[PDB]
Student: 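Before we start, here is the structure in question, set down as structure tokens.
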Amino acid sequence: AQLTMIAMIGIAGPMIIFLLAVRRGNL
Amino acid sequence: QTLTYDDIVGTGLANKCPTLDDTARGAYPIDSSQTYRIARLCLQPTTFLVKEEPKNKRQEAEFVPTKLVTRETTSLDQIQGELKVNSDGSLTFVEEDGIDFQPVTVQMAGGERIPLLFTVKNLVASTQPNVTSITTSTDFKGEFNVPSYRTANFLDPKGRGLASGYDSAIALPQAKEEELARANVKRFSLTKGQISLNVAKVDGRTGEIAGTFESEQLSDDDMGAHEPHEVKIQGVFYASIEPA
Amino acid sequence: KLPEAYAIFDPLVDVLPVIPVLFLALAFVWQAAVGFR
Amino acid sequence: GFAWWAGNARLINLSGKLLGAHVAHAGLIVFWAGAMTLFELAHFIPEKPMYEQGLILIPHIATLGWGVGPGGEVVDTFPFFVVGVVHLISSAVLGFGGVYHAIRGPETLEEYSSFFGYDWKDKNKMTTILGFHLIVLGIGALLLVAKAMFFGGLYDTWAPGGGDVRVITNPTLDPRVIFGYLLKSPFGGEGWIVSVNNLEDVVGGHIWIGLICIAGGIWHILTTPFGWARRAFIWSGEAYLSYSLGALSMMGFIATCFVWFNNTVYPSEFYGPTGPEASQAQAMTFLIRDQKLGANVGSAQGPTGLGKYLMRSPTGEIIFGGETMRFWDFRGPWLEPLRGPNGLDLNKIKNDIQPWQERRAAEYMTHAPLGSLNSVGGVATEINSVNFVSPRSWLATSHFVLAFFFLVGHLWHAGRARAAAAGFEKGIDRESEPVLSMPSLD
Amino acid sequence: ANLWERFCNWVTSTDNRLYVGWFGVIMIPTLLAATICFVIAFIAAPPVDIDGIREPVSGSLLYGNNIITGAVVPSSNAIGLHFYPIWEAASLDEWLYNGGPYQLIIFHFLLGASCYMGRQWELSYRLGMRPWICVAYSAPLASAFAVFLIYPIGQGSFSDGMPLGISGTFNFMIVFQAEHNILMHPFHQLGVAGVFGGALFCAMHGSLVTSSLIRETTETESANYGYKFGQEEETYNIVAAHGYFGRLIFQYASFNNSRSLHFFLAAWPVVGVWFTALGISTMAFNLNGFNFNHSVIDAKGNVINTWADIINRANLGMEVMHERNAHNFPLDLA
Amino acid sequence: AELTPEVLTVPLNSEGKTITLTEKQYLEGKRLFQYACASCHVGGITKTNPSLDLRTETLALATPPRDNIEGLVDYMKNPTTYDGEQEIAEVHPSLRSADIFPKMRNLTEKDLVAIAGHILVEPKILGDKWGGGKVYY
Amino acid sequence: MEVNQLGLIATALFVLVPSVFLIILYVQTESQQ
Amino acid sequence: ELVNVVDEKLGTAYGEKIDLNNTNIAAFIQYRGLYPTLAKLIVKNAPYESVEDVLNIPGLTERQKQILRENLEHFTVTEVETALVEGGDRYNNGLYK
Amino acid sequence: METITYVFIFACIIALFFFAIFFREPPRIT
Ligand code: CLA
Ligand code: CLA
Ligand code: CLA
Ligand code: CLA
Ligand code: HEC
Ligand SMILES: CC1=C(/C=C/C(C)=C/C=C/C(C)=C/C=C/C=C(C)/C=C/C=C(C)/C=C/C2=C(C)CCCC2(C)C)C(C)(C)CCC1
Ligand SMILES: CC1=C(/C=C/C(C)=C/C=C/C(C)=C/C=C/C=C(C)/C=C/C=C(C)/C=C/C2=C(C)CCCC2(C)C)C(C)(C)CCC1
Ligand SMILES: CC1=C(/C=C/C(C)=C/C=C/C(C)=C/C=C/C=C(C)/C=C/C=C(C)/C=C/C2=C(C)CCCC2(C)C)C(C)(C)CCC1
Ligand code: OEY
Ligand SMILES: [Cl-]
Ligand SMILES: [Cl-]
């Protein structure tokens, strides 16, 4: 679906912040 | 040389009739057999005269000069028609079609605006008998129609009109209508004008002629709301003759 | 329409132009994560 | 000490991180240009004029001569795909280098290298960065000339036979023509540079501008500002930004008028008709219909006394009547065959209107650039049915809004740069309030 | 102490009762030209053929207008967007008939007002103030450009710019609603929110500060005499005002920081009026308000009218009536 | 009220034979009429020649009568003036002129029936609104 | 124009009477000080 | 003695039939076979002294003459009214929809 | 007479502007 990809894509960004805030990263 | 649009545009030259060289004093001979048309007649006014109203006893007022306020929008052009030869040698131009009207408003001293429909609509103009040659002494004289300056759909500022609009002064619901009848009932005038065309230049080679004109007609009467003025117009003309 | 061999990607392509808007929104997720410092 | 909502101001003196911000943002621009083109091509249907399909990028490409043939007909969509793909791929490279410089790279450059590092106050270094970018811009202008003269030409709405792609072999070099445009009035009938109406002048002007920019680029690499220029400007990064905001504003206002009036470098085949064009086309349409019925359109007096179909402009030219009297400066390829030296030629009008001209007028009248925010075509009172807003309205409105805000931003940043330069951008020093040491006014 | 430097020093002097400045060097003559021509035209100009149909509209007091109906009438549609200075007319009589004074006034005024904005920047710099009062004035200024220049550009004629008159203003906004539907356009809706909210917050701020004046006077004297120009201390108690307003609503919907409060005062109406000026400037290119005409239909396909269709009926009445002699063809495309 | 087979029944030809459209055909017809015709014929008028509308009564007085599926399918292939005397494929979209009217290229015979069907059905639903113009908006 | 003749005296007293009131109060304020 | 001549004309046959001397050309769509070709011919060749005069228009084919005959009862003639025929108003009277 | 009245009031306002600016009560610090 279109709503499948804009989900894989929409989650890319907040995923980056999560992985970095957990690994106590240079935010 | 023949100019292009982009040479002319914005100059004022589009409102001017073609001229002929002052060398052009020939004659164009007419074959009573052959038929002819005017392929282009151009009339360029240069002066607008309005008859004043002397008010006192029969003094007969003068034609006074006026200022044009509507700019270079005045010339009649691309007029065409039959040029007939009549039994008695006279020639008659019968206008068929063309850009044969321009609204004009000139301003009198004191500030009165005078609109008029400068026209030669339905022009029929004729020479003396026994022409046989168009020359620099040939005159055409004729008459034409002057329809109402506004046509029938025109709505005045309170919405009244002839073919459209209110038939009363709706803003005065209980006023006495008798006094308002002239403003309320629109009328479509159709009057006649007179023109003389004087040929002063002739190119025998090319069928072109040029010269001077004077016409007389009535001004706008605002669909019967007020009395028209007499107007006298002078200018120059150009016409191209062709065998049909 | 796209060339047939990329046909597979039509719905991805319907979505791509919106992606630069997501970068603006991502700036505010990041700032929320660090507490608008 | 900037707040989070002014946080990009923290980058003013971090040349490294500021470079990443610029390069990342450049990736965003190239990304949208690629993604958007692909989106448009995915939705494109060649049986439909581009302007019925909400397209703004594909028309830019077609104007350069790719994908189209005689009449604007689309013949090959592969060039469109290529342009979109290559932009999209390139945004990955710009994105890569921008996040590297923004995040991982040297925070400041001036230690890593004296060539890439810069202080905003170093007037020599600033004019050398400017000079490089001038040269780059000049090259870009010459690329347009190269396309036009050596790689296939450009689309020419004016070409005989309905428009076509055409190689430009004699670009205009005459500076009286090229710089003559820059001196024409911006008012009606003149139109300043927006009136450029032929590709020869377009290509020639880009020759000039390419040379001028390269010349000026070399000038600024090799010079330092003279003292009159040193004492007239503020020399700070925010000041420089403010100068560029004003220039972008001016440019966006111009582009607004360009896409609204010009039908040469925005061909109406691709962008739809201009407003003046659509209005002229309606008068043409009813002139044609009525003349076929027997009307003598030259002698027909309308309600006002002015011609119903034809009248004179203030300088005498024969023009279309009705409200479109305002639009008589319009010029387009479907109408010019009717124009003689005094304006519209009544003999051509009576005898020489062709079916293709009837079609074009009917098409353009019914695709006037009027429509609603939700894309209902037509005047505000029209019912739903036609899904249409002209690309010219979308491009005009968007670029007006953008240009306005950038003028606001110029004022914002110019005033602030002046105040921070003089040292009172954070407020008035209580102990040294200037007004308190001035005499009173009365 | 050379002639030029002395002149420069007078032009930029902060001792002048009214500041001149470099922007003032342009502002003063252009505003005087616009003002003097406006007063004379409004009183005595003859009728102007605004729609180019030789139907002159009388706008001045001597030709039968009052203050409410009078206007300086826009230039003729026959001119469109052509530049019509005096020296381009064959006579003043011509220039007056075709609407020349309008063009003279609006161009001088827009120039003068643009310089007014710059002059606000300039004096702020000479007095060591922060610079952005001129940005607040860009909202009204943008609005004047929209109705006098941008909208005439997009439509092709200064004859469709706003008349310089009270009833002419109304004519302008009625015809705008029929041709664009400004009311259903979100940028106008934000302009309303900007000016309504602006009036609201004006009253709020005025009433809250006035509510919390510190007692400094007797009941026989104006409380205004409790404040002396230049006193260092505040004249009201902001904590009392906040204590009242935060209870009127709840605590966190009330400001306790006067700087944020006054920035908010500035921002809301300025930004709303930016949008409404951009509304006019984009309806100049005919990107009009929402059209929900016949959007609701039933199972069979009958149209089910909404209030939007009722709006459309009113718009139709404005459309068919305006400039009643000026259209020969069915579509009013500009 | 609803879109019943009665409303969806329309003359097939001049003999008086009738055809019953499906709801699907009708909506197909409406959609294709928007795609190819409404730029000039929104609401059943004709913007570039308002004297000629798409009212059933007007189509009935056309030569060849056009108030039926066959007449309208023919018109979309080979349009004539109202008195039938002159062919106007060069200035009116038709399959005959699909080269100059490119939106007609991809229209199939069943698309034409659906468009004709929409035109004969809509006045049964909308009455005077169909072809009446702004007076009835 | 056929305006209301009494509009003139209406306008004149509407201006005059409250203006005089203010001037009276102003002048007697100055002569205290 | 001040009368609206268009309203007066509505009280003649012009108010009930197609007036071959005055009516705008769009009325000829009310009857089959008449518009545009015959309507163009009829308007160009006005005025007519009687409704039957229309059958003498030079050029009519037999099919055209027969169409006119079928419709003669829908026609009338009254005196030409200037207000209705000037301005090219028989071709476009300013009324669309 | 109406024209005279309108213009008279307008001119009185302009005159008031002049006094209000050049003959104002001067603001004086504390
Ligand atoms: C090339 C353009 C450019 C550049 C590089 C800058 C750079 C800067 N500006 Mg300027 N600015 C610009 C244009 C520009 N500006 C324009 C055009 C305006 C007028 C609107 C301004 C007005 C302005 C103000 C008023 C201020 C700045 C400030 C600043 C600094 C900090 C900004 C920051 O961190 O933003 C942080 C970013 C945000 C808070 C996000 C903003 C959100 C926007 C408004 C929403 C846009 C949404 C969009 C319309 C789509 C909506 C759809 C939805 C799905 C989201 C920085 C130096 C500040 C300053 O003076 O610092 C010195 C400051 O106070 N700018
Ligand atoms: C085009 C938009 C843009 C860009 C390019 C930047 C860029 C930058 N900002 Mg600004 N900013 C923006 C918008 C933008 N900002 C807006 C809208 C706001 C308002 C909320 C701010 C507010 C803001 C603040 C408050 C600050 C900055 C700062 C900075 C810099 C350091 C940020 C950092 O270390 O984050 C670290 C972030 C992370 C580690 C999280 C992940 C971020 C990555 C880059 C996301 C990339 C996603 C993408 C899908 C990857 C593709 C990779 C592929 C190409 C291989 C950086 C150069 C900071 C600064 O000046 O430093 C001194 C700072 O203090 N910004
Ligand atoms: C204007 C953009 C710009 C600028 C000014 C800089 C500047 C710099 N970069 Mg960055 N960088 C950029 C873009 C930019 N970069 C991009 C787009 C990428 C992603 C591919 C990177 C990735 C990158 C990395 C990975 C590193 C740098 C490093 C550096 C520094 C030294 C570079 C050096 O010695 O090479 C000098 C010159 C060369 C190596 C020659 C390269 C020839 C180029 C590629 C030709 C370009 C062609 C054309 C002009 C533009 C592209 C064409 C396209 C438009 C179609 C310097 C501060 C280094 C650094 O800071 O480390 C501490 C480092 O390791 N950069
Ligand atoms: C991005 C482009 C750009 C930028 C930002 C600069 C920036 C600068 N240049 Mg360079 N320059 C450039 C391109 C650029 N230049 C190019 C391409 C050339 C080659 C032609 C030059 C040639 C050049 C010379 C020869 C000189 C500069 C100088 C300067 C400095 C002063 C500029 C100044 O005072 O302008 C303000 C402008 C004026 C005071 C004059 C205004 C005159 C114009 C024509 C008025 C028109 C305004 C009007 C509203 C718009 C209509 C346009 C009109 C022609 C119709 C400044 C650092 C000076 C310097 O210090 O050099 C070291 C200097 O002497 N520049
Ligand atoms: C403008 C570009 C049009 C398009 C698109 C469509 N039509 Fe049209 N139509 C148009 C005109 C100017 C005319 C009158 C033609 C003439 O001179 O006689 C018409 C006429 C019709 C008719 C006849 C109506 C009648 O009362 O006899 C029909 C049935 C018709 N048009 C149908 C039609 C269809 C189905 C279209 C989409 C395929 C279509 N038209 C498009 C102008 C335009
Ligand atoms: C092209 C392509 C690609 C690319 C992609 C990318 C580049 C992506 C990115 C992405 C991103 C870039 C994303 C992001 C997103 C984000 C988001 C999703 C956000 C959200 C937000 C929000 C929701 C917010 C909220 C909030 C907050 C947080 C705070 C305050 C409040 C508020 C509410 C604002 C790929 C790889 C696929 C491959 C293929 C193709
Ligand atoms: C710094 C920062 C920031 C910013 C960021 C940025 C802005 C970046 C960007 C980046 C980018 C800019 C990115 C890009 C990317 C891209 C890519 C990754 C792409 C890919 C592609 C592909 C893979 C393709 C594919 C294809 C093809 C090839 C063909 C067709 C189809 C398709 C499409 C599928 C922020 C604000 C957030 C925060 C803070 C920090
Ligand atoms: C390409 C082209 C072309 C051409 C172009 C050209 C060639 C251009 C030029 C351009 C130019 C050549 C421009 C210029 C500009 C300039 C300006 C824009 C200026 C500015 C200035 C300023 C802004 C200033 C300021 C100041 C002052 C005044 C004082 C002191 C301070 C200062 C310095 C700040 C044409 C059209 C043909 C065609 C098309 C293409
Ligand atoms: O709205 Mn309706 O549209 Ca803009 O033009 Mn056509 O008419 Mn006229 O002159 Mn002023 O007004
Ligand atoms: Cl009006
Ligand atoms: Cl019109």
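Basis for what follows: all heavy atoms, side chains included, without hydrogens, waters or symmetry-related copies. Chain identifiers are assigned alphabetically (A, B, ...) following the order of the sequence lines, protein sequences preceding nucleic acid strands; residue numbering begins at 1 within each chain. Atoms within each ligand, like the ligands themselves, are counted from 1 in listed order.
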Student: What residue and atom, counting heavy atoms only, is the protein's closest point to atom 5 (C) of ligand 4, and at what distance?
Tutor: D:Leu130 CD1, 4.1 Å

Student: So which bit of D:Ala92 gets within less than 4.0 Å of ligand 2, heavy atoms only: side chain, backbone, both or neither?
Tutor: backbone

Student: From atom 24 (C) of ligand 4, work out which of D:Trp219, D:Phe233, D:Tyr240, D:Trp192 has a heavy atom at the shortest distance.
Tutor: D:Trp219

Student: Which of the atoms in ligand 4, numbered in the order shown and given with their element, are less than 4.0 Å from a heavy-atom of D:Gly216?
Tutor: 16 (C), 17 (C), 18 (C), 19 (C)

Student: Taking the minimum heavy-atom distance to atom 34 (O) of ligand 4, which of D:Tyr181, D:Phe226, D:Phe179, D:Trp228 ranks first?
Tutor: D:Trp228

Student: Go through ligand 4 atom by atom and flag the ones less than 4.0 Å from a non-hydrogen atom of D:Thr224.
Tutor: 62 (C)

Student: Is C:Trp30 touching ligand 2 with its side chain, its backbone, both, or neither, if touching means heavy atoms under 4.0 Å apart?
Tutor: side chain

Student: For atom 56 (C) of ligand 2, which of the options D:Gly20, C:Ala25, D:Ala102 provides the nearest non-hydrogen atom?
Tutor: D:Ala102

Student: What residue and atom, counting heavy atoms only, is the protein's closest point to atom 11 (N) of ligand 4, and at what distance?
Tutor: D:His220 NE2, 3.4 Å

Student: Would D:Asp119 and D:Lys121 count as a salt bridge (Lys or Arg N to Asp or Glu O under 4.0 Å) here? Give the steps.
Tutor: CA-CA 5 Å; D:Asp119 186 290; D:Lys121 268 80 175 175; 5.9 Å; no

Student: Is ligand 2 under 4.0 Å from a heavy atom in the side chain of D:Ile103, in the backbone, in both, or in neither?
Tutor: side chain

Student: Closest by any non-hydrogen atom to atom 38 (C) of ligand 2: pick that one out of D:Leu14, A:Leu27, D:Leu11.
Tutor: A:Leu27

Student: Hey, does the side chain of D:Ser279 reach the backbone of D:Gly275 with a donor-acceptor pair shorter than 3.5 angstrom?
Tutor: no

